[PDB]
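What follows is one structure encoded as structure tokens, with my remarks underneath.
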């Protein structure tokens, strides 16, 4: 995998929510509608096929 | 409504159409039924009535 580190920035999940690649947005532990109201230390993203 | 924003219309779910047109209350006892009707709603060179 390609682990990408996300830090020191403002995360706008509404851009993802209004984006055209948007399907099966499943979440564990966090409600998907409240992700704009939280803070995280670092966010790690993994992209694969 | 287009199929991307059908899932937006829900109680406690935020969106563009879901917030700016009408919310669903949190005490909603009711059902939602959908159907993909491409035969009548979709028109040639866009349907600009809606």
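Protein chains in written order, with my numbering: chain A, 5 to 53; chain B, 103 to 152.
C-beta atoms are modelled at their ideal positions from N, C-alpha and C, and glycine is treated no differently.
Item	Value
Euclidean distance between Cα positions of residue 144(B) and residue 23(A)	22 Å
DSSP three-state assignment for residue 48(A), whether helix, strand or coil	strand
Closer than 7 Å to chain A by CB, residue 116(B)	yes
Burial state of residue 114(B), where buried means 16 or more other Cβ atoms lie within 10 Å	exposed
Residues near residue 104(B) by beta carbon distance below 8 Å, same chain, minus five either side	none
Contact between the region 109–125 of chain B and the region 21–41 of chain A (3+ Cβ pairs under 8 Å)	yes
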